[PDB]
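# Survey of secondary and tertiary structure
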Amino acid sequence: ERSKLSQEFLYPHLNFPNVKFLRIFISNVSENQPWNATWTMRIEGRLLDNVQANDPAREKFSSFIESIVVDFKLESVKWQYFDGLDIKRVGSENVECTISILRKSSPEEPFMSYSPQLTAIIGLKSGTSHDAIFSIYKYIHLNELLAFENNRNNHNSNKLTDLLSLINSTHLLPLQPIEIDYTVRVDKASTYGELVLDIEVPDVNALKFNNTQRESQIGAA
Amino acid sequence: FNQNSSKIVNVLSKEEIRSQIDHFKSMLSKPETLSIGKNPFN
Amino acid sequence: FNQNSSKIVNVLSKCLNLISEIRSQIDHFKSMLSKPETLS
Amino acid sequence: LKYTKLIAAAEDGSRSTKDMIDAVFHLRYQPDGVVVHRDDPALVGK
């Protein structure tokens, strides 16, 4: 019960893993351009399964997505909360743009993304608050900075334990989005298979089966 | 390991090497893990 | 941990070979990163 | 215990990377949470 939060009991679940895998395609298809201007580009998404596209009950790519932003360098499209998103415009020269894709985050998910000022000190991108606090305390004890502590944590994180334990709380941040740079191809008619990116999405069923079957609860039973 | 890497890079602070130091520090900001899930197709 | 340590050591060896008290520091850093003494 | 030999072989220096991961893994793994393929030889076949 004391160590429910340490990642030692949460990270790998080789018997019942916690994540699904989603694949995203970014493309554009130039058609009937001078050889007016057609400019459609699409963001497609699909869960890797033996499931077929025609079969109903398939999860939509937009089932687990929060925000999609596309900024050109025209006008910028933002989507707030369809298996594909298509954007068709006019113009033929070319454009390069930034795509930001944010994923839905469950409340059952127990991991918080760290800020770059933290993951520099501890080689961990994401963990519970407990892990960050334990590692920071192990760090100040390892370098004999101990109840006053003065250093690298200071210049990185930019007085006492009761002070640091909330500076770190502030350091923890909500899920950050994925950033990609994508260039529309005007002469390259089909840009379909080039940019394929794979991300992992939460599996709520595994999280629910896991948090209700914990060593603490079974031990109490 | 993180402490020593950051230290020796701050000492290497003193073109190609500039972009490479930027790449290194960005990489240190984001280490990689393994994500494991079930296998849909055997 | 193994993979991250390996990648960092490779890119640091590259950056050090590209930049080749200052000279002695660079030599000692080369020697240190050669083997994984950076952990200890 | 089950992994007492895979754990020992990990830190003794032998089986530095690929040998170990293939020994553990049925399940699917990718080398990171987000994997982007800027250009792929097999994927452009679509």
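The present account deals with the structure reproduced in this document.

Conventions and cut-offs
- Residues numbered from 1 in each chain as written, not as in the entry; some residues may be left out.
- Chains lettered and ligands numbered in written order.
- Part of a larger assembly, values for the part shown.
- Heavy atoms only, no water.
- Helix = DSSP H or I, 4+ residues; strand = E, 2+ residues; numbered from the N terminus.
- Buried < 20%, exposed > 50% of the residue type's maximum accessible area, 1.4 Å probe, protein only.
- Pairing = 2+ DSSP bridges.
- Axes fitted to C-alpha atoms, helices over the stretch in contact; angles between N-to-C directions.
- 1 Å grid on protein atoms, 1.4 Å probe; cavity = no way out; pocket = protein on both sides within 12 Å on 5 of 7 lines; lining within 4 Å.
- Points joined across faces, edges and corners; volume = space filled by probe spheres on them.
- Contact = heavy atoms within 4.5 Å.
- Salt bridge = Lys/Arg side-chain N within 4 Å of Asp/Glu carboxyl O.
- Polar contact = N/O pair within 3.5 Å; in protein donor to acceptor, adjacent residues only side chain to side chain.
- Nonpolar A, V, L, I, M, F, W, Y, C, P; charged D, E, K, R; others polar.
- Core = buried A, V, L, I, M, F, W, Y, C linked by side-chain atoms within 4.5 Å.
- Patch = residues over 30% accessible without salt bridge, like charges linked within 9 Å, V, L, I, M, F, W, Y side chains within 5 Å.
- Areas by Shrake-Rupley, 256 points an atom, 1.4 Å probe, with all protein chains shown as cover.
- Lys, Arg positive; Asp, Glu negative; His and termini not counted.
- Charge placed at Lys NZ, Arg CZ, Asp CG, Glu CD.
- Buried area = accessible area lost by both parts, 1.4 Å probe.

## A word on the overall build of chain B
Assigned secondary structure in chain B consists of 2 helices and 1 strand. Secondary structure elements in chain B, listed N-terminal to C-terminal, are α-α-β. For chain B, the spread of C-alpha atoms along the three principal axes comes to 55 × 25 × 10 Å. Burial status across chain B gives 36% buried among its 42 residues.

## Here we look at the pairing of strand β9 (residues 178-183) of chain A
All names here are of chain A. Side chains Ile-178, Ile-180 and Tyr-182 project from β9 onto a buried face, and the interleaved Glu-179, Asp-181 and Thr-183 project onto a face without burial. As judged from the 6 bridges shared by strand β6 (residues 96-102) and β9, these two strands associate in the antiparallel manner. In the sheet register, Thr-98 faces β9, and the bridge partner there is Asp-181.

## With respect to the sheet that holds strand β5 (residues 84-87) of chain A
With respect to topology, 5 strands assemble into an open sheet ordered β5(A)-β2(A)-β1(A)-β10(A)-β2(D), the strand pairing being antiparallel. The sheet is open, and its two borders are formed by β5 of chain A together with β2 (35-37) of chain D, each paired with just one other strand. Going across the sheet, the axis of each strand differs from the next one's by a mean of 15 degrees, ignoring polarity. Bridge count for strand β1 (residues 19-28) of chain A against strand β10 (residues 195-202) of chain A is 8 bridges, and the pairing is antiparallel. Directly across from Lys20(A), in β10(A), lies its bridge partner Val201(A).

## A few points about the sheet that holds strand β4 (residues 77-79) of chain A
Residues and elements named next belong to chain A. Strand order in the open sheet made by the 4 strands is β4-β3-β6-β9, with antiparallel pairing throughout. Both outer strands of the open sheet, β4 and β9, are each paired with one neighbouring strand and no more. Across the sheet, the mean angle separating the axes of adjacent strands is 15 degrees when strand polarity is ignored.

## A word on the layout of surface pockets
Reported here for the second largest pocket is a volume of approximately 600 Å³. Along the wall of the second largest pocket there are 30 residues; nearest its centre are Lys20(A), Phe21(A), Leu47(A), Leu48(A) and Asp49(A). Of all the elements in the fold, those that place two or more residues in the lining of the second largest pocket are β1, β2 (41-47) and α5 (204-211) of chain A together with β1 (35-38) of chain B.

## Observations concerning the interface of chain A and chain B
Taken residue by residue, the interface counts 18 residues in chain A and 15 residues in chain B. The tally of links between chain A and chain B comes to 0 salt bridges. The tally of links between chain A and chain B comes to 7 residue pairs in polar contact. When the residues that make up the side of chain A that touches chain B are grouped by side-chain class, the tally is 10 nonpolar, 4 polar and 4 charged.

## What about the nonpolar core?
Nonpolar side chains in soluble globular proteins generally cluster together in the buried interior. Counting residues in hydrophobic clusters, the biggest one holds 28 residues, and the most contacted among them are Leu22(A), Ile24(A), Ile26(A), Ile43(A), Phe61(A), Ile99(A) and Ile199(A). Those residues within four positions of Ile24(A) in sequence are excluded, and the remaining contacts are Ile43(A), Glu44(A), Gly45(A), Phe61(A), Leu195(A), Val196(A), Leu197(A) and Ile199(A). One finds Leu12(B), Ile21(B), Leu12(C) and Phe29(C) within the second-largest nonpolar core, a separate group that totals 15 residues.

## Some points on a negative patch on the surface
Residues and elements named next belong to chain A. A grouping of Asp-71, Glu-96, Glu-179 and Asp-181 is seen on the molecular surface, where their side chains present a negatively charged patch. Among the structural elements, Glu-96 can be located in strand β6. Classification of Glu-96 as partly exposed rests on a relative accessible area of 43%.

## Some points on the interface of chain B and chain D
Contacts between chain B and chain D engage 9 residues on the former and 10 residues on the latter. Of the roughly 800 Å² buried between chain B and chain D, counting both surfaces, carbon and sulfur atoms make up 54%. Where chain B packs against chain D, one counts 0 salt bridges. On the surface where chain B and chain D come into contact, there are 4 residue pairs in polar contact. Grouping the amino acids of the side of chain B that touches chain D by side-chain chemistry returns 2 nonpolar, 5 polar and 2 charged.

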